Protein chains: 2
Amino acid sequence: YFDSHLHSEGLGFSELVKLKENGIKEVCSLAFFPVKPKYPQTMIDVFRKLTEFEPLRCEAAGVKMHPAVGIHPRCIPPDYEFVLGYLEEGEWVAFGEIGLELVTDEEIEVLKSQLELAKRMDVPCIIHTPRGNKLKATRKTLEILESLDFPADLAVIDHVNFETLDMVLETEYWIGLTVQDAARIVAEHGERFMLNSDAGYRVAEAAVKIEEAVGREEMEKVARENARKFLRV
Amino acid sequence: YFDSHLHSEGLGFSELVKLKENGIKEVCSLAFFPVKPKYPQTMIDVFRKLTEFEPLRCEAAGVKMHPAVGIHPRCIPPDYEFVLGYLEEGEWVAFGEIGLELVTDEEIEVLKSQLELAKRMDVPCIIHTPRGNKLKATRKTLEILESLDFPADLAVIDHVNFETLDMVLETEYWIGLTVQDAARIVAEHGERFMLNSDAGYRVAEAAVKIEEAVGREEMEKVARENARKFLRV
Ligand SMILES: [Zn+2]
Ligand SMILES: [Zn+2]
Ligand SMILES: [Zn+2]
Ligand SMILES: [Zn+2]
């Protein structure tokens with residue numbers, strides 16, 4: 001199986017191995033600092049740790065982790081410009097955890113600057129939808145994403161809640177279904193979906209609980225291992 | 001039950017709660033970056049995360065974590081000078097994970113510079129003893145620690161293995177007994193000891209398995225909650 005969006009730096013080896021033995025043998029960990037950086041260079045190191053240490057720490061437990069890098073809105077360092085430079089260099093698998101939160105202009109810039117660069121490197125993005133204005137925010141996101149004419153195959157709206165699944169559907173981007181509740185199975189009415197537990201720092205087995213609830217069986221293989229097409233693997 | 005030396009940034013909430021329910025309701029997490037920094041400022045943020053986020057993440061699971069800051073030898077950033085400045089400012093509970101590894105002069109300087117400053121702030125230190133030359137190294141450490149005339153109540157040699165417990169005894173510093181094996185109980189022949197599981201990124205319940213093995217009972221309260229005197233709390 002496979003589980004996009006899952007913060008590794010917030011999981012212990014024990015928790016990790018629980019994934020190995022449950023089917024979740026493939027995950028996509030995204031960059032995220034549980035506190036706002038004082039220096040933009042920090043992110044770089046969080047990246048170094050995320051792509052040179054985490055994958056081993058994971059495979060050693062029996063899980064093939066696919067790292068993702070970027071800059072979460074809740075931790076935008078001052079000279080965020082400094083973090084896009086290092087990025088525009090090294091080759092990447094995908095831009096993880098990026099988006100808007102308080103619709104601040106600061107996010108828009110840090111968000112745009114990234115999704116923009118992403119278009120020049122043809123690398124996927126996992127935009128994140130806020131928990132607060134998960135409807136007033138996704139609009140703006142889906143609005144920013146609109147202008148750049150971002151290809152409907154390089155972005156995935158995540159945390160697509162029950163009362164907004166219509167909004168993102170009016171688009172051609174991929175929709176991420178986070179189980180965290182479990183009544184998302186019925187949301188299979190239609191096929192640009194992906195199951196993600198989003199196992200963070202705070203249980204960590206939802207990308208299979210409902211990933212299996214689908215009595216529709218077989219077909220389901222495109223909600224669990226459909227994130228491999230998006231994530232080119 | 002208290003457990004000094006325990007890397008939090010490498011534990012999951014699940015793993016954390018296991019501590020809460022086993023007696024280990026008090027721990028001392030130390031700073032450590034699983035990869036060598038590219039910038040000295042990174043450390044600062046790892047500190048920010050370690051003293052403004054980790055303690056909550058822990059108490060939310062039922063454990064009172066006592067953060068410790070410093071610079072591990074296996075992750076000495078270039079301008080390490082930059083990390084001692086920020087340190088000589090904010091107030092601290094203790095200097096965690098510092099020491100020598102390859103006896104390099106670079107460590108000696110990063111190690112000395114710290115233990116030195118520590119003497120000016122009267123803050124405890126948890127020196128770490130290498131796994132390789134755990135005998136050729138601890139000597140130098142115990143040698144550096146000698147010159148500075150470091151008070152025998154502000155430092156604790158850790159990972160004091162069975163074949164070196166005599167070396168550090170010839171001193172007045174505190175000895176840290178890491179269970180990781182469990183045949184350390186017999187090492188109670190004498191009372192400057194502390195049980196530490198050292199639960200890192202890679203199970204995490206040794207500061208009680210042997211912390212209880214002591215049939216000597218009662219007295220034991222000075223091997224489990226004797227780290228409270230050293231950490232002053
Ligand atoms: Zn998110
Ligand atoms: Zn997330
Ligand atoms: Zn150590
Ligand atoms: Zn350690």
# chains A, B, ... in the order shown; residues from 1 in each chain; ligands from 1
call {"tool": "residues_near_ligand", "arguments": {"ligand": "ligand 1", "cutoff": "7 Å", "atoms": "only C-alpha atoms and all ligand atoms", "output": "PyMOL selection string"}}
result
chain A and resi 97+128-130+159
call {"tool": "write_last_selection", "arguments": {"atoms": "N, CA and C atoms", "output": "PDB file, in the first residue's frame"}}
result
ATOM      1  N   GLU A  97       4.217  19.944   1.889  1.00  0.00           N
ATOM      2  CA  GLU A  97       3.674  20.884   2.851  1.00  0.00           C
ATOM      3  C   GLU A  97       3.895  22.339   2.536  1.00  0.00           C
ATOM      4  N   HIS A 128      -1.489  22.314   1.116  1.00  0.00           N
ATOM      5  CA  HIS A 128      -2.269  21.938   2.275  1.00  0.00           C
ATOM      6  C   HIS A 128      -3.413  22.905   2.538  1.00  0.00           C
ATOM      7  N   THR A 129      -4.580  22.349   2.821  1.00  0.00           N
ATOM      8  CA  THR A 129      -5.763  23.153   3.090  1.00  0.00           C
ATOM      9  C   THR A 129      -5.976  23.362   4.591  1.00  0.00           C
ATOM     10  N   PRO A 130      -6.021  24.624   5.023  1.00  0.00           N
ATOM     11  CA  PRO A 130      -6.215  25.003   6.425  1.00  0.00           C
ATOM     12  C   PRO A 130      -7.422  24.340   7.093  1.00  0.00           C
ATOM     13  N   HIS A 159      -6.304  17.400   2.624  1.00  0.00           N
ATOM     14  CA  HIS A 159      -7.225  17.699   3.712  1.00  0.00           C
ATOM     15  C   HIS A 159      -8.494  18.268   3.105  1.00  0.00           C
TER      16      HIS A 159
END
call {"tool": "interface_residues", "arguments": {"of": "chain A", "to": "chain B", "cutoff": "12 Å", "atoms": "only C-alpha atoms", "output": "count of residues only"}}
result
48
call {"tool": "closest_residue", "arguments": {"among": "B:161, B:29, B:133, B:226", "to": "residue 94 in chain B", "atoms": "only C-alpha atoms"}}
result
B:29
call {"tool": "atom_distance", "arguments": {"atom1": "CA of residue 102 in chain A", "atom2": "CA of residue 167 in chain A"}}
result
19.0 Å
call {"tool": "atom_distance", "arguments": {"atom1": "CA of residue 150 in chain A", "atom2": "CA of residue 119 in chain A"}}
result
7.0 Å
call {"tool": "residues_around", "arguments": {"residues": "residue 184 in chain B", "least_positions_apart": "4", "cutoff": "9 Å", "atoms": "only C-alpha atoms", "output": "PyMOL selection string"}}
result
chain B and resi 161-162+177-179+188+210
call {"tool": "residues_around", "arguments": {"residues": "residue 126 in chain B", "least_positions_apart": "6", "cutoff": "8 Å", "atoms": "only C-alpha atoms", "output": "PyMOL selection string"}}
result
chain B and resi 5+94-98+155-158
call {"tool": "select_by_dssp", "arguments": {"residues": "range 9-231 of chain B", "states": "strand (DSSP E or B)", "output": "ChimeraX atom specification"}}
result
/B:26-27,30,64-65,68-69,95-99,125-128,155-158,174-178,193-196
call {"tool": "residues_around", "arguments": {"residues": "residue 207 in chain A", "least_positions_apart": "4", "cutoff": "12 Å", "atoms": "only C-alpha atoms", "output": "count of residues only"}}
result
39
call {"tool": "atom_distance", "arguments": {"atom1": "CA of residue 107 in chain A", "atom2": "CA of residue 84 in chain A"}}
result
13.9 Å
